[PDB]
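Cβ placement follows ideal geometry from the backbone for every residue including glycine, while neighbour counts extend to all protein chains displayed. Only the coordinates and a few stated rules stand behind these numbers; no lab work does.
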Amino acid sequence: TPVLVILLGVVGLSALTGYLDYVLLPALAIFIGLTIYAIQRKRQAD
């Protein structure tokens with residue numbers, strides 16, 4: 001069920017809903033990139 005993967009990622013976005021400048025390392029921006037990339041791949045692998 002590739003749809004379940006999108007549901008889990010959707011919940012993570014809810015916990016994070018506020019802007020934020022960039023400090024020494026945007027660990028948050030990278031975390032989302034890996035989260036969205038993994039969800040798109042699991043949902044479908046081309």
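How many percent of all Cα-Cα pairs in the chain sit more than 18 Å apart?
I get 35 percent for the Cα pairs in the chain exceeding 18 Å.
What net charge is computed for the residues neighbouring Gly9, neighbours being all others with C-beta under 12 Å from the C-beta of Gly9, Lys and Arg scored +1, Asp and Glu -1?
Neighbour charge sum, excluding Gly9 itself: +3.
List the chymotrypsin sites (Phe, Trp or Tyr not before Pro) within the chain that DSSP assigns to loop and that have no more than 16 neighbouring Cβ atoms inside 10 Å.
Those that pass, being in a loop and sparsely packed, are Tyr19, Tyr22.
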